[PDB]
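Here's the structure, in structure tokens; my notes come after.
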Amino acid sequence: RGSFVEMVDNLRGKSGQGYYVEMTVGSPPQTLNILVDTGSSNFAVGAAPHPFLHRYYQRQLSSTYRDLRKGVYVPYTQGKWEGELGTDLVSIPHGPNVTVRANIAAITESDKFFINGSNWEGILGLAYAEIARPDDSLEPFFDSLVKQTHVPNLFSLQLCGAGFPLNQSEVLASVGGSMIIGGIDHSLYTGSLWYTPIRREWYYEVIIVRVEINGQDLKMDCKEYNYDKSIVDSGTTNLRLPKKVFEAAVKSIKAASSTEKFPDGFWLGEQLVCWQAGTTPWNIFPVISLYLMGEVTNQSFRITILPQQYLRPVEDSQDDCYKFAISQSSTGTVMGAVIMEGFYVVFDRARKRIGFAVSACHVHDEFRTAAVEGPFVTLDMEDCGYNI
Ligand SMILES: CN1C(=N)N[C@](CCC2CCCCC2)(C[C@H]2CCC[C@@H](NC(=O)c3ccncc3)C2)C1=O
């Protein structure tokens, strides 16, 4: 049974441009589309004209706007966002039937933040206060939601990749998934939910204990897989892996798929690869299994993704084209949107754990499916975690 009908199918978007939910801010309510970001902790919205925005938060039109008289400067690898802090009344129309008083960062300047044609005007940082900007005293949205209402301290995400390119009109008309606030909807997954501990409450940090490519053990010291951390991030497109892990994984993926040669640009995630309509050779590409620490001592489980997850559909012709959605990182593993598209992911903050189950909307073929399986006996899993 699906017990959260009001929130099912409340997301739109895609892996490369982000998945967003409708929200309202202020009095009278101002409707805005907001990217769901499990990799950050600020509710930050466009609040001034920008070439990529067709609407923005107008503080002067909200009777409930409260100015905190404080600026916030947020540089990150790709760019930055800057703004002015305040609070206002916020609601999620296809969400819990509540209105909360929340912090809002009114974005006034940015670089490589907004995405042209993404249809979103701000981001909802769903991670913990530790990584909120300027500091941990700026209460994140979800913390405000839980404190002010009877909403359970849990949310779950079903990000639905279409498996093919969606043009501008299609991506606006299409259901991109669900964000269930305060619960788990059983219609969004098949099989069982398996839980991994949240190692520390800052990002949604997890511990990977083993990696396989078509069942072949990558055989690295498991600390390498979590160097310097492993996180679950809906605000990142790719599966990102630490340099050494990336080099070993790409070697193994190349070897498994060696019946076809792909240019260096494809493996660097820059160049698309194309096949005649319907002839994508899924079977030559391997499945990838990530083993995660379990809730029981010396127990792990595995999540298995297909090339239908790690090859991202892009438009070129009538050919079926893709980009390789696995890339190198110098800041740890990032389980981005392309990985999350395979699974229904439960962010169980109350029980400091993340659940994974096979998504009812994952893209697959008639011969293979994504999987979530366990248990496996795995020793010294705490040693897989990186310190300092
Ligand atoms: C990974 N990642 C993420 N999950 N959220 C941010 C902020 C991280 C935050 C973590 C805690 C400390 C402070 C920083 C922000 C991201 C939001 C989605 C749109 C993105 N836009 C682009 O990447 C982009 C790139 C190029 N052109 C346009 C847009 C930018 C980020 O870098």
Side-chain angles (χ1 to χ4, degrees), residues 11-21 23 32-47 50-53 56 71-77 79 81-83 85 103-105 107 109-143 155 157 159 176-177 179 198 200-206 228-242 269-270 312 314 323 325-341 345 347 354:
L11 303 183
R12 284 190 291 158
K14 54 197 189 173
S15 61
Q17 290 195 310
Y19 286 90
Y20 61 86
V21 68
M23 301 182 76
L32 296 169
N33 281 333
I34 303 299
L35 182 140
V36 167
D37 190 8
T38 66
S40 68
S41 301
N42 283 75
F43 178 31
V45 309
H50 185 281
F52 305 163
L53 304 177
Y56 58 92
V72 59
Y73 167 59
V74 185
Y76 49 87
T77 310
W81 70 259
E82 285 178 33
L85 299 169
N103 292 308
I104 309 179
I107 301 169
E109 271 162 42
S110 62
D111 186 58
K112 293 178 265 293
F113 182 77
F114 300 111
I115 299 171
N116 199 192
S118 69
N119 204 43
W120 54 260
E121 295 102 19
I123 73 174
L124 185 63
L126 289 166
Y128 301 95
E130 180 171 322
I131 61 165
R133 295 292 168 100
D135 62 68
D136 66 6
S137 67
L138 194 79
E139 187 174 79
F141 177 79
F142 207 86
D143 290 62
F155 65 91
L157 292 171
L159 309 184
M179 174 169 60
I198 290 171
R200 192 156 77 77
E201 301 150 296
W202 60 318
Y203 293 94
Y204 285 104
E205 188 186 0
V206 299
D228 59 348
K229 64 186 175 291
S230 291
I231 70 170
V232 181
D233 183 11
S234 57
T236 289
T237 298
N238 289 355
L239 168 55
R240 303 182 68 231
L241 301 170
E270 296 159 356
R312 185 169 65 82
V314 300
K323 280 191 175 172
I326 305 177
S327 57
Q328 200 180 306
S329 172
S330 64
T331 60
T333 293
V334 183
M335 294 168 53
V338 299
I339 304 317
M340 297 184 67
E341 282 174 357
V345 187
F347 294 80
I354 298 157

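Residues take their numbers from the sequence shown, with the count starting at 1. Atoms within a ligand are numbered from 1 in the order they appear, just like the ligands themselves. Hydrogens, waters and symmetry mates are skipped; everything else that's a heavy atom, side chains included, is used.
Atoms of ligand 1 found under 4.0 Å from any heavy atom of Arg133, numbered from 1 in the order shown, are 12 (C), 13 (C). Against a heavy-atom cut-off of under 4.0 Å, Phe114 is close to the following atoms of ligand 1: 28 (C), 29 (C). Counting atoms of ligand 1 from 1 in the listed order, those under 4.0 Å from a heavy atom of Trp120 are 19 (C). In the vicinity of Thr236, heavy-atom distances shorter than 4.0 Å reach the ligand 1 atoms 1 (C). Applying the 4.0 Å criterion to heavy atoms of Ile115 picks out, from ligand 1, the atoms 28 (C), 29 (C). Remark: ligand 1 atoms within the under-4.0 Å shell around heavy atoms of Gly39 are 4 (N), 8 (C), 10 (C).
No heavy atom of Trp81 sits closer than 4.0 Å to any atom of ligand 1.
In this structure, the side chain of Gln17 engages the main chain of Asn116 through a donor-acceptor pair within 3.5 Å. At least one donor-acceptor pair under 3.5 Å links the side chain of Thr237 to the backbone N or O of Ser15.
Taking the side chain as every heavy atom from C-beta outward, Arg240 and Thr331 approach each other to under 4.5 Å. For the pair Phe43 and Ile34, the minimum side-chain heavy-atom distance is below 4.5 Å. Looking only at side-chain heavy atoms (C-beta outward), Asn33 and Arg12 come within less than 4.5 Å of each other.
Remark: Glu130 pairs with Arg200 by the salt bridge (charged side-chain N to carboxylate O under 4.0 Å, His left out) rule, at least two apart or across chains.
Of the polar atoms of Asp233, at least one N or O is found under 3.5 Å from an N or O of ligand 1, judged by distance alone. Here's the thing with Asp37: one of its N/O atoms is less than 3.5 angstrom from an N/O atom of ligand 1.
For atom 25 (C) of ligand 1, the candidate residues are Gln17, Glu130, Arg240, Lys112; the nearest heavy-atom contact is made by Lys112.
Side chains of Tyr19 and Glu341: a donor on one and an acceptor on the other come within 3.5 Å.
Contact annotation: for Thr38 versus ligand 1, there are no heavy atoms closer than 4.0 Å.
Ring geometry, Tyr204 versus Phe155: the interplanar angle exceeds 60°, so the pair is classed perpendicular (tilted spans 30 to 60°).
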